[PDB]
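Results of the structural survey
Here is what each chain is made of, one letter per residue.
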Amino acid sequence: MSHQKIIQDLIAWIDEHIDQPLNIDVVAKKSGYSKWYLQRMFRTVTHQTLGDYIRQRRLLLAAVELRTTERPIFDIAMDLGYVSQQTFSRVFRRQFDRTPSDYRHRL
Amino acid sequence: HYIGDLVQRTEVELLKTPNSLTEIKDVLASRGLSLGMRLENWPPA
Amino acid sequence: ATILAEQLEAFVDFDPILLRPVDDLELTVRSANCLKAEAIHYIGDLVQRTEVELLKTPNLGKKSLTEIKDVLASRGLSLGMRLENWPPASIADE
């Protein structure tokens, strides 16, 4: 089994469990590998990062929880690896170039 | 309408009404409660 | 009162999706793509293996306990239950 089949399984590993507290100590242990070694092979298969991409699906989930659900900004961050919305609102100007308040207005 | 309904409607449910997130955490910790409980067979009325 | 009560004793009077691949069983995302990597490419091999090591492999997590047991609750299948004839001649992988 080549490693390009490993990371193909890893793209369906998280697509249901980004609302869960999913950390690297779960992803590495339930893959059969170590904590660091999964990140070296992750570059040569999809050209992007791993610890930011789980945020990139988490910040994708916050936008589809804002354009559909009435949940506030402060405690969507509580389930997605943040302890407050102060940093969680800040990276959204990097990921989608918008404010977490301004997305729901422009339809 | 209920105090026990307010614990079902967690802290990711209340804040978008116009016109307290830290004050409710003070008023629960004074009298021994918590926010975000999951209840069952409620309300029985 | 036993002397008295002994005087009154004469006066008191085939399933279609069991033969299905796991990835086309209409489940959630990480409930189906983790069975085929442990020689379970059918539904018949999942019901006949011990659960105290199957979820403890480094491919399956904690949230998969429900949906495997969701199939196992309705039709009447048991944990580690043997079957009469699940496997046909056609077996494959991805």
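**Remarks on the overall build of chain A**
Helix and strand counts for chain A stand at seven helices and zero strands. Start at the N end of chain A and walk to the C end: the helices and strands fall as α-α-α-α-α-α-α. With the principal axes as the frame, chain A shows a C-alpha extent of 45 × 25 × 20 Å. Sorting the 107 residues of chain A into buried and exposed places 36% on the buried side. Total accessible area computed for chain A in this model is approximately 6800 Å², and 50% of it derives from carbon and sulfur atoms. Charged side chains of chain A number 17 positive and 12 negative; the gap between the two group centres comes to 7 Å.

**Looking at the overall build of chain C**
Tallying secondary structure elements over chain C gives three helices and zero strands in all. Ordered by position from the N terminus, the helices and strands of chain C form the series α-α-α. Computed over C-alpha atoms, the radius of gyration of chain C comes to 26 Å, more than 25% over the 12 Å expected from 2.2 N^0.38 for 94 residues, which places it beyond the range of a compact globule. Principal-axis analysis of the C-alpha atoms places the extent of chain C at approximately 85 × 30 × 20 Å.

**Focus on the interface of chain A and chain B**
It is common to give the size of an interface as the accessible area that goes away when the parts come together. Each partner contributes to the interface: chain A provides seven residues, whereas chain B provides six residues. Interface area, chain A with chain B, both sides summed: about 670 Å², of which 63% is carbon and sulfur. When the buried area of chain A at its contact with chain B is split by residue, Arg71(A), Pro72(A) and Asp75(A) rank highest and sum to 63% of it. Taken together, chain A and chain B are joined by one salt bridge. Taking the shortest distance from any N to any O, the salt bridge between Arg71(A) and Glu13(B) comes out at 3.5 Å. Viewed at the interface, chain B and chain A are joined by one residue pair in polar contact. In terms of residue class, the side of chain A that touches chain B is built from three nonpolar, no polar and four charged.

**Topic: the environment of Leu46(C)**
Residue and element names in this part refer to chain C. When you line up the elements, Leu-46 lands in the loop between α1 (2-5) and α2 (51-54). For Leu-46, a relative accessible area of 12% puts it in the buried group. For the pair formed by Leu-46 and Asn-85, sequence separation is 39 residues and the distance between their alpha carbons is 14 Å. The residues contacting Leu-46, other than those within four sequence positions of it, are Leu-35, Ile-40, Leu-54 and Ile-68.

**Observations concerning the arrangement of the chains**
Pairwise contact counts over the two pairs of chains in contact peak for chains A and C. Nothing in chain B touches chain C, and the closest approach of their C-alpha atoms is 19 Å.

**Focus on the UniProt feature "domain: HTH araC/xylS-type" in chain A**
The positions UniProt marks with the feature "domain: HTH araC/xylS-type" are residues 8-106 of chain A. In the segment residues 8-106 of chain A, helix accounts for 41% and strand for 0%; the C-alpha atoms at its two ends are 35 Å apart.

**With respect to the UniProt feature "DNA-binding region" in chain A**
Mapped onto this structure's residue numbering, the UniProt feature "DNA-binding region" falls at residues 25-46 and 73-96 of chain A. Spanning residues 73-96 of chain A, this segment combines 50% helix with 0% strand, and its end C-alpha atoms are found 15 Å apart.

**Observations concerning the interface of chain A and chain C**
Taken together, the contact between chain A and chain C spans eleven residues of the former and eleven residues of the latter. Viewed at the interface, chain C and chain A are joined by two residue pairs in polar contact. Among the residues forming the side of chain A that touches chain C, the class breakdown is two nonpolar, four polar and five charged.

**Considering helix α1 (residues 3-10) of chain A**
All names here are of chain A. Buried within α1 are the following residues: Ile-6, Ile-7, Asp-9 and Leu-10. Along α1, the residues classed as buried sweep out an arc of 150° about the axis, all on the same side. In this structure, the buried residues of α1 make contact with α3 (37-46).

Procedures and definitions
- Throughout, residue numbers begin from 1 within each chain and advance along the sequence as written. They need not agree with those in the entry, and any residue without coordinates is left out.
- The order in which chains are written sets their letters, starting at A; the order in which ligands are written sets their numbers, starting at 1.
- These chains belong to a larger assembly; all numbers given describe just the chains displayed.
- With hydrogens and water set aside, each side-chain value is computed from the structure's full complement of heavy atoms.
- Secondary structure follows DSSP: runs of H or I at least 4 residues long count as helices, runs of E at least 2 residues long count as strands, and numbering of each begins at the N terminus.
- Relative accessibility thresholds used throughout: buried, under 20% of the residue-type maximum; exposed, over 50%; partly exposed, between the two (1.4 Å probe, protein chains only).
- Each accessible area is a Shrake-Rupley estimate made with a 1.4 Å probe; only the visible protein chains count as cover when residues are assessed.
- We count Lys and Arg on the positive side and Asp and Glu on the negative side, and we leave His and both chain ends out.
- The location of each charge is read from NZ of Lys, CZ of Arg, CG of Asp or CD of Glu.
- With C-alpha atoms as the basis for the radius of gyration, the globule rule is written as 2.2 Å multiplied by the number of residues raised to the power 0.38.
- In what follows, residue pairs with any heavy atoms lying within 4.5 Å of each other are defined as contacts.
- Buried area: the accessible surface (1.4 Å probe) lost by two parts on joining, summed over both.
- Should a side-chain nitrogen of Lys or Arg be within 4 Å of a carboxyl oxygen of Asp or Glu, the pair is scored as a salt bridge.
- Within 3.5 Å is the distance limit for a polar contact, defined as a pair of N or O atoms, with the added protein rule that one can donate a hydrogen and the other accept it, and that residues adjacent in sequence qualify only through two side-chain atoms.
- Just so you know the grouping, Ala, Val, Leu, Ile, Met, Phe, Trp, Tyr, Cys and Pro go in nonpolar, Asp, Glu, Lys and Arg go in charged, and all remaining residues, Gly too, go in polar.
- UniProt positions are given in the numbering used here, feature names are shortened, and annotations may be inferred rather than shown by experiment.
- Within this analysis, the arc is defined by the directions that extend from the helix axis to the C-beta atoms.

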